[PDB]
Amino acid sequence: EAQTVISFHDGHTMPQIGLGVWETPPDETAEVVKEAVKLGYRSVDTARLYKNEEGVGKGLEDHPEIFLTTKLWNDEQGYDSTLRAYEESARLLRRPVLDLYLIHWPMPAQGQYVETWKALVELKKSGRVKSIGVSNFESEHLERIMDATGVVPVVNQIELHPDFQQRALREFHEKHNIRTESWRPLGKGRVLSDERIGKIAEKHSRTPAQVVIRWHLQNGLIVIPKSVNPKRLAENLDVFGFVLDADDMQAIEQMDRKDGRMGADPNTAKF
């Protein structure tokens, strides 16, 4: 039962499930990354925010095949600053050419995300990075960057889980051939004890976590679940052995809530 992959509009391809690295210190980070790779993760996602790209870099040492994504933090937005930030990240990650680079937040009040996107466009044009995308962008922000550059992000990585399904934004992505990547895919773990999910889990002899990740997969979404537990890491990846049926998919669709968002709202975020 092979893992699936999602391909971008730019012709590049990304494993559909990856490891969300969080605020693990460098040293523990290397060992988590090494363990996850041993387990069969083919993709790792980190961010400058986390200050652990050195750890990820060391954990991926003999693993050039692993799809590597990182993100430019808010305080490095700007054309020249983003160029410098990308080159620093590539050094710390010990991968001269990264697979995906993302703007972490639009931060509209900063007024810098458009010039940041131009830097990413230049990084892609010059061959310094394979693919470029964004994170936490609303449709308006996507419109702005596409209008200014004519270059469409391959991915927008957004908070997405059964309580907050981002349906309207996904309709916009669809229209522009932008892939959706889900962060917080388990909604902090809250959904894992939901009865509706539990019933679907019993139905397939899988865990609630496995049901939820499979739901993201069946929606064509790239998913980066986070775990520090080797057992849960293994479990989260074991999701190519079953299929959620139409009834299941409808049942999860019904969980969407107007007040489901758990993280910052892009339009109002201040750090």
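Position 1 is the first residue in the sequence shown; the rest follow in order.
Here the stretch with the larger average CA B-factor, out of 127-135 and 90-98, is 90-98. Between the stretches 170-178 and 192-200, it is 192-200 that shows the larger average CA temperature factor. Per the deposited record, 148 carries the highest C-alpha B-factor of all listed residues (148, 121, 142, 85). Of the candidates 212, 246, 56, 224, the one whose C-alpha carries the top B factor in the deposited record is 246.
Ranked by C-alpha B-factor against the other modelled residues of its chain, residue 29 falls in the highest third. Sorting the modelled residues of the chain by their CA temperature factor places residue 230 in the highest third. For residue 159, the recorded CA B-factor ranks within the lowest third of the chain. Only modelled residues enter the ranking.
The deposited CA B-factor of residue 40 belongs to the middle third of values across its chain. Ranked by Cα temperature factor within the chain, residue 60 sits in the highest third according to the deposited record.
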